[PDB]
file protein-v9.cif (mmCIF, C-alpha atoms)
data_input
#
loop_
_atom_site.label_atom_id
_atom_site.label_comp_id
_atom_site.auth_asym_id
_atom_site.auth_seq_id
_atom_site.Cartn_x
_atom_site.Cartn_y
_atom_site.Cartn_z
CA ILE U 12 112.51 85.47 78.54
CA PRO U 13 110.23 84.00 81.22
CA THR U 14 109.90 80.22 81.15
CA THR U 15 106.60 78.43 81.68
CA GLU U 16 107.66 77.99 85.31
CA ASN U 17 108.56 81.70 85.67
CA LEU U 18 105.13 82.75 84.41
CA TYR U 19 103.60 80.53 87.07
CA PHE U 20 105.54 82.30 89.87
CA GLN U 21 103.10 85.18 90.20
CA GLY U 22 100.26 82.74 90.93
CA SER U 23 102.27 81.33 93.82
CA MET U 24 102.73 84.79 95.37
CA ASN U 25 100.11 86.55 97.46
CA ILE U 26 100.04 88.66 100.63
CA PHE U 27 100.55 85.64 102.90
CA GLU U 28 103.60 84.39 101.04
CA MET U 29 104.97 87.95 100.82
CA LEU U 30 104.75 88.72 104.53
CA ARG U 31 105.98 85.18 105.33
CA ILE U 32 109.23 86.07 103.52
CA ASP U 33 109.59 89.54 105.04
CA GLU U 34 108.75 88.50 108.59
CA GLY U 35 109.99 84.92 108.79
CA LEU U 36 108.44 82.22 110.94
CA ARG U 37 109.47 81.86 114.55
CA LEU U 38 107.71 79.59 117.06
CA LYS U 39 109.33 81.14 120.15
CA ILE U 40 109.20 84.74 121.39
CA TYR U 41 112.13 86.72 119.97
CA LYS U 42 112.96 90.41 119.66
CA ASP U 43 112.55 92.00 116.25
CA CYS U 44 115.02 94.39 114.67
CA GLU U 45 113.55 97.24 116.75
CA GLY U 46 113.84 95.19 119.94
CA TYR U 47 110.13 94.45 120.27
CA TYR U 48 108.91 91.03 121.43
CA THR U 49 107.56 89.17 118.43
CA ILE U 50 106.38 85.67 117.55
CA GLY U 51 105.03 83.66 114.63
CA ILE U 52 104.99 85.56 111.34
CA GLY U 53 105.68 89.11 112.46
CA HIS U 54 103.19 89.20 115.31
CA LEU U 55 104.30 92.10 117.50
CA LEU U 56 103.25 91.09 121.03
CA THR U 57 103.85 94.32 122.86
CA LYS U 58 106.21 97.26 122.78
CA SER U 59 106.88 96.76 126.50
CA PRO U 60 110.47 95.68 127.37
CA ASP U 61 109.01 93.23 129.90
CA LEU U 62 109.04 89.62 128.64
CA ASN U 63 106.27 88.76 131.12
CA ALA U 64 104.03 91.26 129.36
CA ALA U 65 104.88 89.62 126.04
CA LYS U 66 104.07 86.18 127.40
CA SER U 67 100.78 87.47 128.80
CA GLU U 68 99.85 88.97 125.44
CA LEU U 69 100.78 85.69 123.76
CA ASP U 70 98.52 83.57 125.99
CA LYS U 71 95.70 86.03 125.35
CA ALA U 72 96.25 85.92 121.58
CA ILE U 73 96.45 82.13 121.38
CA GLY U 74 94.05 81.24 124.16
CA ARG U 75 96.17 78.81 126.15
CA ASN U 76 99.17 78.71 128.47
CA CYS U 77 101.92 78.89 125.86
CA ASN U 78 104.97 79.77 127.97
CA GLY U 79 106.43 81.58 124.99
CA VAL U 80 106.05 78.85 122.39
CA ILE U 81 103.43 78.19 119.70
CA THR U 82 102.83 75.67 116.92
CA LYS U 83 103.07 76.34 113.18
CA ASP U 84 99.29 76.00 112.90
CA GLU U 85 98.86 78.58 115.67
CA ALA U 86 101.33 80.94 114.01
CA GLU U 87 99.34 80.64 110.79
CA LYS U 88 96.00 81.38 112.45
CA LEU U 89 97.45 84.43 114.20
CA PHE U 90 99.02 85.52 110.88
CA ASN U 91 95.70 85.27 109.03
CA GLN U 92 94.10 87.36 111.79
CA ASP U 93 96.83 89.99 111.51
CA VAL U 94 96.53 90.13 107.70
CA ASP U 95 92.76 90.52 107.96
CA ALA U 96 93.27 93.34 110.48
CA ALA U 97 95.62 95.22 108.15
CA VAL U 98 93.19 94.90 105.23
CA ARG U 99 90.27 96.04 107.39
CA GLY U 100 92.43 98.91 108.68
CA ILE U 101 93.02 100.16 105.14
CA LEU U 102 89.48 99.76 103.87
CA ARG U 103 87.84 101.68 106.70
CA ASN U 104 90.28 104.59 106.50
CA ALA U 105 89.25 107.57 104.37
CA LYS U 106 92.85 108.41 103.46
CA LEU U 107 94.21 104.93 102.70
CA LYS U 108 91.21 103.40 100.93
CA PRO U 109 91.25 105.58 97.79
CA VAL U 110 94.99 105.05 97.41
CA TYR U 111 94.67 101.29 97.88
CA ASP U 112 91.75 101.15 95.44
CA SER U 113 93.88 102.91 92.76
CA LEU U 114 96.63 100.29 93.01
CA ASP U 115 97.10 97.10 90.99
CA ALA U 116 96.91 93.75 92.72
CA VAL U 117 100.61 93.39 93.46
CA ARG U 118 100.96 96.93 94.84
CA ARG U 119 97.85 96.30 96.94
CA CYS U 120 99.82 93.48 98.58
CA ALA U 121 102.67 95.91 99.19
CA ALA U 122 100.10 98.28 100.78
CA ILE U 123 98.72 95.61 103.13
CA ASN U 124 102.30 94.60 104.02
CA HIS U 125 103.19 98.25 104.73
CA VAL U 126 100.21 98.59 107.12
CA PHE U 127 100.90 95.18 108.73
CA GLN U 128 104.38 96.45 109.52
CA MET U 129 103.72 100.13 110.46
CA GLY U 130 100.08 100.34 111.47
CA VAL U 131 97.37 102.50 109.93
CA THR U 132 98.30 105.86 111.43
CA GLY U 133 101.97 105.43 110.56
CA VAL U 134 101.18 104.73 106.94
CA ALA U 135 98.42 107.37 106.67
CA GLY U 136 101.00 109.92 107.82
CA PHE U 137 103.14 109.36 104.70
CA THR U 138 101.32 112.16 102.86
CA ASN U 139 103.70 112.53 99.97
CA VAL U 140 104.18 108.79 99.33
CA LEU U 141 100.40 108.28 99.27
CA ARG U 142 99.96 111.06 96.71
CA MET U 143 102.82 109.66 94.63
CA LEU U 144 101.29 106.21 94.66
CA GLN U 145 97.89 107.51 93.64
CA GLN U 146 99.57 109.43 90.79
CA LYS U 147 101.57 106.36 89.67
CA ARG U 148 104.85 108.12 90.41
CA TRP U 149 106.46 104.82 91.36
CA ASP U 150 110.14 105.81 91.38
CA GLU U 151 109.44 108.87 93.51
CA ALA U 152 107.32 106.87 95.89
CA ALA U 153 110.10 104.33 96.34
CA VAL U 154 112.79 106.98 96.91
CA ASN U 155 110.60 108.62 99.55
CA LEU U 156 109.83 105.35 101.27
CA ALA U 157 113.61 104.81 101.44
CA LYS U 158 113.93 107.98 103.56
CA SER U 159 111.60 106.65 106.29
CA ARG U 160 112.61 105.46 109.72
CA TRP U 161 110.58 102.31 109.03
CA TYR U 162 112.92 101.26 106.25
CA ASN U 163 116.17 102.75 107.56
CA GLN U 164 116.02 101.27 111.06
CA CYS U 165 115.31 97.79 109.69
CA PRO U 166 116.12 97.62 106.00
CA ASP U 167 115.90 93.88 105.39
CA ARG U 168 112.26 93.67 106.49
CA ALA U 169 111.18 96.62 104.33
CA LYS U 170 113.42 96.54 101.26
CA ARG U 171 111.35 94.09 99.24
CA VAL U 172 108.13 96.00 99.93
CA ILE U 173 109.75 99.18 98.58
CA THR U 174 110.94 97.40 95.47
CA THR U 175 107.43 96.03 94.98
CA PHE U 176 105.91 99.53 95.17
CA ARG U 177 108.45 100.61 92.54
CA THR U 178 107.81 97.78 90.06
CA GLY U 179 104.44 96.20 90.78
CA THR U 180 106.04 92.77 90.18
CA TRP U 181 107.06 89.98 92.54
CA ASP U 182 110.70 90.00 91.45
CA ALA U 183 112.05 90.98 94.87
CA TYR U 184 110.63 87.72 96.29
CA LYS U 185 112.34 85.46 93.73
CA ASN U 186 115.52 83.57 94.36
CA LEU U 187 115.66 83.78 98.16
#
call {"tool": "encode", "arguments": {"input": "protein-v9.cif", "output": "structure tokens"}}
result
Amino acid sequence: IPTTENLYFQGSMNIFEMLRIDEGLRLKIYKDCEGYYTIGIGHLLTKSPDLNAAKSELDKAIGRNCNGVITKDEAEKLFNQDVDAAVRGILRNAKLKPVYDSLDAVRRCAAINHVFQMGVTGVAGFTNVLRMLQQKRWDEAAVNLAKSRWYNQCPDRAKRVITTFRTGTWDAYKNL
């Protein structure tokens, strides 16, 4: 039986808190689970293996000479930009928008997270999952997401998103 505090937990969760858990917060350039240079809250800098390219992309993104290091405030600004880009990417896309529109608020967060992680064309290519989601076939959608390279190459970053598509609750983000 949910306590008063437990019923408040959903109001504390949103897309920013969700991606902050899945992506972490790092103030120095590091390589993600796929070996790509990343910083902040999941900001993929480049897919190039050249750190100099990553640092160049960073300085461009932040607007100063960072030498591979940013502040928390800078990470947060970049994060908000990246979240806005994922939302805009869904809403302008004729395949993703109707699916997103059909979803409840919590699954819409899972959808934005999914696009933040994979990009629009990657997600829009999941033909069967998108149909399943639109048809509210949640268990099937989650099983099919669990077959993807996105999840299987880096399970810890994707597992909670998959659970969230299955349940439409925030339970996978509780008790870190």
call {"tool": "resolve_selection", "arguments": {"input": "protein-v9.cif", "expression": "the PyMOL selection byres ((chain U and resi 36-50) around 7)", "output": "ChimeraX atom specification"}}
result
/U:31,34-35,51-58,65,79-83,165
call {"tool": "resolve_selection", "arguments": {"input": "protein-v9.cif", "expression": "the PyMOL selection byres ((chain U and resi 147) around 12)", "output": "VMD selection string"}}
result
chain U and resid 110 to 111 113 to 115 118 140 to 146 148 to 153 176 to 179
call {"tool": "residues_around", "arguments": {"input": "protein-v9.cif", "residues": "residue 160 in chain U", "least_positions_apart": "5", "cutoff": "12 Å", "atoms": "all atoms listed in the file", "output": "PyMOL selection string"}}
result
chain U and resi 45+129+133-134+137+155+165-166+169
call {"tool": "write_last_selection", "arguments": {"input": "protein-v9.cif", "atoms": "C-alpha atoms", "output": "CSV table (one decimal), keeping the file's coordinate frame"}}
result
chain,number,residue,atom,x,y,z
U,45,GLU,CA,113.6,97.2,116.8
U,129,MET,CA,103.7,100.1,110.5
U,133,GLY,CA,102.0,105.4,110.6
U,134,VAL,CA,101.2,104.7,106.9
U,137,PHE,CA,103.1,109.4,104.7
U,155,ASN,CA,110.6,108.6,99.6
U,165,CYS,CA,115.3,97.8,109.7
U,166,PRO,CA,116.1,97.6,106.0
U,169,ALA,CA,111.2,96.6,104.3
call {"tool": "resolve_selection", "arguments": {"input": "protein-v9.cif", "expression": "the PyMOL selection byres ((chain U and resi 24) around 10)", "output": "PyMOL selection string"}}
result
chain U and resi 19-23+25-29+117+120+181+184-185
call {"tool": "closest_residue", "arguments": {"input": "protein-v9.cif", "among": "U:12, U:116, U:89, U:97", "to": "residue 128 in chain U", "atoms": "only C-alpha atoms"}}
result
U:97
call {"tool": "closest_residue", "arguments": {"input": "protein-v9.cif", "among": "U:68, U:78, U:172, U:161", "to": "residue 33 in chain U", "atoms": "all atoms listed in the file"}}
result
U:172
call {"tool": "atom_distance", "arguments": {"input": "protein-v9.cif", "atom1": "CA of residue 108 in chain U", "atom2": "CA of residue 183 in chain U"}}
result
25.0 Å
call {"tool": "atom_distance", "arguments": {"input": "protein-v9.cif", "atom1": "CA of residue 168 in chain U", "atom2": "CA of residue 30 in chain U"}}
result
9.2 Å
call {"tool": "atom_distance", "arguments": {"input": "protein-v9.cif", "atom1": "CA of residue 173 in chain U", "atom2": "CA of residue 124 in chain U"}}
result
10.3 Å
call {"tool": "axis_aligned_box", "arguments": {"input": "protein-v9.cif", "around": "range 123-139 of chain U", "padding_each_side": "3 Å", "output": "AutoDock Vina command-line options"}}
result
--center_x 100.9 --center_y 103.6 --center_z 105.7 --size_x 13.0 --size_y 23.9 --size_z 17.5
